[PDB]
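What follows is one structure encoded as structure tokens, with my remarks underneath.
Protein chains: 2
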Amino acid sequence: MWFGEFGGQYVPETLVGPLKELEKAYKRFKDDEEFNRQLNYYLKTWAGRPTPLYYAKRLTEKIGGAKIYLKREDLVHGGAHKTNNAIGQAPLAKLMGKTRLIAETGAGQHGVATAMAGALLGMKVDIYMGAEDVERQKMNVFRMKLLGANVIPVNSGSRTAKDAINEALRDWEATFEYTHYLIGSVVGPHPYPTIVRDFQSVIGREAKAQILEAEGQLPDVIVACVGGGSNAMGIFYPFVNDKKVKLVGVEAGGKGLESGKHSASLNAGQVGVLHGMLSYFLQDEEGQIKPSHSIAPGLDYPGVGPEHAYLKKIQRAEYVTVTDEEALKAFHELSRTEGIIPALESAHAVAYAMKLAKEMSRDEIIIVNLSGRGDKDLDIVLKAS
Amino acid sequence: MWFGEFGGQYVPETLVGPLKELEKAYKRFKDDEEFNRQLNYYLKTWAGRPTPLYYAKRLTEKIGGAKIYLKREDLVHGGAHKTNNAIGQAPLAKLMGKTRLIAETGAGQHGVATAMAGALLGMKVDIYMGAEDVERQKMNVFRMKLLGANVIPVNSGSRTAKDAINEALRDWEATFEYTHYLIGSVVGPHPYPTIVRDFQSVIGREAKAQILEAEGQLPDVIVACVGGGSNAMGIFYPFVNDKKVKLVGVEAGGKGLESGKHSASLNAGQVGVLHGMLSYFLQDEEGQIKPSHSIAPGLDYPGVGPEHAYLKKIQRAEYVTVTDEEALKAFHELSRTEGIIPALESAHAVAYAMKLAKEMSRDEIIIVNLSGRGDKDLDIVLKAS
Ligand SMILES: Cc1ncc(COP(=O)(O)O)c(/C=N/[C@H](C(=O)O)[C@@H](O)C(C)C)c1O
Ligand SMILES: Cc1ncc(COP(=O)(O)O)c(/C=N/[C@H](C(=O)O)[C@@H](O)C(C)C)c1O
Ligand code: NA
Ligand code: NA
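Laid out in structure tokens, this is it:
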């Protein structure tokens, strides 16, 4: 339910029953040998796991400090870690007797991921997306449609990722009998933050085995970008009890924390209740939710997962910010130095890892979670350059 | 050098030296321990090999005939099989003392793969691309630029892949002391058809191992699209001596064979000499090259590699055609039924496999080489609907 004080389940009474059925179903299937055999089979033959752990030799040399390794989630089918969670949840939903998946999306990768999983499993897919956001990203929208999903434009409120979630909740409240709400990050009411973290934990489990094989030791630091926080929790979680391993989450500093135009919920947000959870959210002078911004569409959500709020509070993980410009520089840097075009979200982690590596020893090890590939971001980087 | 009567080394005398040096270096490093360790290390950690062999269960049961397996080259770093060859040749060039790579490209995937390999290894990269091709695969043009490569639009002749190759050869003739011409298919003068096939053979060796795991037997049919023929040779080659395995190469039928707008070199072409090889080319009455067409840009090359000419001649492989319409239907069908968006090139193979599976028994097995992902073709598919 809770991670310290954070998380919980603060929802209308109509959602309590559906959320309890989800908890029970998850508890039933999470360690079920057949459910996991089937999931691992899809992850292997369909999604292409395991993804490699790549030693970025040129980048490491150029920075002259710590060894920089990249966990290559950019190679997962669909081009992002989102698939790990989509193909975890969709078969669970099907086993619960659901025939329909709904989901929120902003960067469109979770929409695509959900559309892919739904196509694969023969389930109807309706994707809620802000009416401003659908015009912002025509590529992923067309991908979703090609996959057989329906993209519902949201014309209410600020018409963005936050309001896509708002519409999805109303839909789910009416349709939960046959509809699974496939949430795309470690946010929302219990049990979603736990479920999504569990399905993303494969990243960390692979990375740990891979770094022990490659270097014979655990890393000194793990760096991952944090929007809602799923890719970060995915790679963090299996190292949480390894006291030696520093965990650093990188939020979108946007145009600078002083500008207001950013998405640094942990660094500059306030604790509060939204979308069924207690966590950090960006808030105005009055105390109401405030719009966020980032050059990276996937980091443009005003809140953050409760397990990160918890890790911040107990000082198990450190959270930092990287600006639009620094992410853009890192995007170009990785492309030119390693031949890997990263997602703009992932570029935030790379940007911070580059600063961090500089002040560390050559014997030390950083693993950066490369949460996705940058093919989706080409028009954005073109305009920005 | 020769595959029966096809192949050879038909170049100006000025290129005979560098080709002999390339053949010598390849001979030296081909079975060398360190070269192969590096290559396998790059293929694993950077490119993400092995790629999975996926059982398209829903597609299979929908057609109601033979089992359809997909070899998932769409998941290789870069989005296509081209990377296998780029990362094979680029380090060989470095070992030979070269500091610059040049390459041709039509669909842009080989250009991207060459730019990625060059970036990784810190080499300069110039890509020759036909002006027509620049305008219709512009996503890959920007990827190349972001990777630090220079894209040189080719305006000569019909402004297509054939013309790009013409300019590349002339460049290489002047710059061979420091430049390696990284050819992207099993075409060109010896030793390129052999080298590219060798670096793509990893596809078939993996597929062989994977189908024995999944089914306990070799497949009944292997199906692959054929432009120049590299992805086909890659998956074909390790099964050539397994007599029971049928090998089917699928060429672009375009708007129809009788319409004259296609790229079916093996099926409709005549014997000829171009780009340093004796093979089959689409040729008019007065010994000139007909302009090829396909909805799939990567199949838009008027010729075909000499090893395919040979395999057809000895009837070891069968070569068929699929129209634009049929490939497009397969693109949509795969996307909706399996949640995999294929390259339009690969959709030709899928299209033929679907027709073939219907005519075959449910106990029989078809492996289709899914040579690439379809993110590059989203605009082309929009127009062809
Ligand atoms: C490549 C990539 N990297 C990082 C993120 C940030 O999500 P987290 O991993 O959950 O912090 C994302 C998030 N993308 C979502 C989407 O595709 O809609 C995001 O916009 C929504 C969860 C709000 C991403 O696509
Ligand atoms: C995804 C994909 N699938 C199939 C092909 C056909 O090339 P082969 O494998 O050499 O027959 C291609 C060929 N692409 C080349 C390129 O990307 O430049 C082609 O346009 C040129 C080598 C002519 C491809 O990109
Ligand atoms: Na946030
Ligand atoms: Na051809």
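Order-wise, the sequence lines are chains B and A. For the first sequence, the positions run 1 to 385 when the deposited numbering is used. For the second sequence, the positions run 1 to 385 when the deposited numbering is used. Every residue, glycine too, gets a C-beta built ideally from N, C-alpha and C.
Close CB contacts of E73(B) within its chain, under the 7 Å cut and outside five residues either way in sequence, are with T51, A80, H81, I203, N231, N369, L370, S371, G372 (chain order).
Listed in chain order, the positions of the segment 116-150 of chain A with a beta carbon within less than 7 Å of a beta carbon of chain B are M116, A117, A119, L120, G122, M139, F142, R143, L146, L147, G148.
In the same chain as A327(B), and ignoring 5 residues on each side of it, the C-beta atoms closer than 7 Å to its own belong to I295, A296, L344, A347, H348, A351, in chain order.
Taking 9 Å as the CB threshold, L378(A) lines the interface with chain B. In this structure, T83(A) is the residue among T83(A), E333(A), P189(A), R100(A) with its C-alpha nearest to the C-alpha of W46(A).
In terms of beta-carbon proximity, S346(B) stays away from the interface with chain A, with every pair separated by 9 Å or more.
For the alpha helix (DSSP H) assignment, the uninterrupted runs of no fewer than 4 residues enclosed by the segment 113-200 of chain A are, from N- to C-terminal side, 131-136, 138-146, 161-175, 192-200. Between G184(B) and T60(B) a beta carbon distance of about 32 Å is seen, past the 8 Å cut, so the two are scored as non-contacting.
Look at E326(B): its C-beta is not under 9 Å from any C-beta on chain A. Taking a C-beta distance under 9 Å as the contact criterion, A56(A) and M360(A) do not qualify as a contact pair. For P52(A), the nearest beta carbon of chain B is closer than 9 Å to its own beta carbon. Sequence-distant partners of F331(B) (beyond 5 residues in either direction) whose C-beta falls short of 7 Å from its own C-beta, in its chain, are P342, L344, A347, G374, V381. In this structure, DSSP gives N369(B) an extended state, which the three-state scheme calls strand. In its chain, beyond the 5 residues on either side, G227, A252, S263, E345 have a beta carbon closer than 6 Å to the beta carbon of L299(B).
What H77(A) touches in chain B, judged by beta-carbon distance under 7 Å, is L75, going in chain order. Per DSSP, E104(B) is one residue of the beta strand (DSSP E) stretching across 100-104. One residue list follows from the rule of a beta carbon closer than 5 Å to any heavy atom of ligand 1, given in chain order as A80(B), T105(B), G106(B), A107(B), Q109(B), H110(B), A161(B), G184(B), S185(B), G227(B), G228(B), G229(B), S230(B), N231(B), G298(B), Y301(B), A343(B), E345(B), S371(B), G372(B). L92(A): not part of any beta strand (DSSP E); member of the alpha helix (DSSP H) spanning 82-95, first to last residue. By the Cβ rule, the segment 266-285 of chain B counts as touching the segment 185-201 of chain B, because three or more pairs are nearer than 8 Å.
With contacts defined as CB atoms closer than 9 Å, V154(B) and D126(B) fail to qualify as a contacting pair. For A117(B), the shortest C-beta to heavy atom distance toward ligand 4 is 8 Å or greater. From the listed residues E206(A), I87(A), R336(A), the smallest Cα separation to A113(A) is found for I87(A).
In the three-state scheme derived from DSSP, where H, G and I count as helix and E and B as strand, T321(B) is classed as strand.
The beta carbon of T337(A) sits closer than 7 Å to those of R58, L59, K62, all from its chain and outside the five residues before and after it, given in chain order. Just measuring C-alpha positions, the residue of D163(B), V151(B), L146(B) sitting nearest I289(B) is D163(B). Here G269(B) is not near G229(B), since their CB atoms are 9 Å or more apart. It is roughly 21 Å from the alpha-carbon of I152(A) to the alpha-carbon of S292(A).
For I203(B), no chain A residue has a Cβ inside 8 Å of its Cβ, as the nearest lies near 14 Å away.
Proximity of the beta carbon of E307(B) to ligand 3 is not indicated: no heavy atom of the ligand is located closer than 8 Å. If you draw a straight line from the Cα of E364(B) to the Cα of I235(A), it is about 41 Å long. Remark: C-beta atoms of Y128(B) and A174(B) do not approach each other more closely than 9 Å. Taken atom to atom, the span from the alpha-carbon of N40(A) to that of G260(B) is near 48 Å. Annotation for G17(A): no beta strand (DSSP E) segment contains it, though the alpha helix (DSSP H) segment containing it runs 16-29.
Boundaries of the beta strand (DSSP E) around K67(A): 67-72. The CB of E34(B) never comes closer than 7 Å to any CB in chain A; the least such distance is about 16 Å.
Between ligand 3 and the CB of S263(B), the shortest heavy atom gap is smaller than 8 Å.
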